[PDB]
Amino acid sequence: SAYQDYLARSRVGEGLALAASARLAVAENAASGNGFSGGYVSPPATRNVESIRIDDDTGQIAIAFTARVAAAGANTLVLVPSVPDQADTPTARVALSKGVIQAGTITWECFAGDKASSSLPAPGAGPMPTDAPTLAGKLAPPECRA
């Protein structure tokens, strides 16, 4: 139902906003050449957000929502980071490189369960998720959907 959809979408948006903490930790670790999850302490769990975690190798952020939002096994949303191949007039985006000092702006792409390819402006596609998201796209912001 549309009202049910509203409740879930609002709570998913809040989880995405809480994940700013992880986007900042990934940026800090990229700037120091550290594993991307190093030192990250996720915010307190809420009634809506079960966990926020960072993949130490790729910087991918996975947000797991509670059953108030979506069923177990259908409850994850992912954010994938990338950087341009070169800062000046890039021709492509690339996944982050663990151990390399990377201080430029990181672009984050959201993927819900239905999204089968990257959809970004120039310089083009970013990486796909490392761990597949499972949250139904209809519950996520439109930029996360197929």
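One-based numbering along the sequence shown.
*Comparing 6 to 14 with 21 to 29, the one whose average Cα B-factor in the PDB entry is higher*: Higher of the two, by average CA B-factor, is 6 to 14.
*Could you check which stretch, 81 to 89 or 59 to 67, carries the larger mean CA temperature factor in the entry?*
Mean C-alpha B-factor is greater for 81 to 89.
_Given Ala112, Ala45, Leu96, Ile54, identify the residue with the highest C-alpha B factor in the PDB entry._
Max CA B-factor in the entry, restricted to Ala112, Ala45, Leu96, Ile54: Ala45.
*Comparing against every modelled residue in the chain, figure out the third that the C-alpha B-factor of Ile106 lands in (lowest, middle or highest).*
As the PDB entry reports it, the C-alpha B-factor of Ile106 lands in the middle third of its chain.
*Lowest, middle or highest third: where is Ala116 by Cα B-factor in its chain?*
Middle third by C-alpha B-factor.
*Lowest, middle or highest third: where is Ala132 by Cα B-factor in its chain?*
Highest third of the chain for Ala132's C-alpha B-factor.
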